[PDB]
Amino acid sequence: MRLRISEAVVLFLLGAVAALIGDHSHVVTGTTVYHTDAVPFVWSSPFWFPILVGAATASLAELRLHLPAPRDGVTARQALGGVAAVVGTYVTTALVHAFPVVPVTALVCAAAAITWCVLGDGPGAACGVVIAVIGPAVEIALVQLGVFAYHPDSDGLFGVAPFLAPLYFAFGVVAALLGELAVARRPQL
């Protein structure tokens, strides 16, 4: 792969920590509820949850590095801003999940579009699209299996929240940026 093992591990850990914060926010606000008592939990989440999101973070970053022209001008400052934007949007969905679906979903779409406008390129958007489809699909399957459920006022997309689509999209854009950063920050002459 294009990522070095150490970079992949850092990205995995970054995704896992952000996932735990966001997922705890969803649980504590009643946005979601788990129904899987048999597995070990880490904070408010089944142990496999931060593993899934962490793995997706490293995978989307790797994917970007296989797409045309990774940007060499990416900085830690841009990456911090992107992570903050995704974390901020994630926790905001926990705060507003009980409100009507259109304004809630529109707000998250606006946040995602602005994140792309500031940080994203074409291949980054493509990564955003990939996870905007796979992310909600995995969740829909999990909900179907009874692993967890969304609050009844946040389950309009086949049992999951419509805001997942732009939330995952923004995640993909930023993970792609993190992959570009991993390469760009390597030692130079």
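In this text, residue numbers run from 1 along the sequence as written.
- Of the two stretches examined, 23 to 31 and 140 to 148, the record assigns the greater average C-alpha temperature factor to 140 to 148.
- Across the two stretches, 68 to 76 and 109 to 117, the PDB entry reports the greater mean Cα temperature factor for 68 to 76.
- When the modelled residues of the chain are ordered by their C-alpha B factor, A125 lands in the lowest third.
- When all modelled residues of the chain are sorted by CA temperature factor, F163 is found within the lowest third.
- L13: CA B factor in the middle third of modelled residues in this chain (values from the PDB entry).
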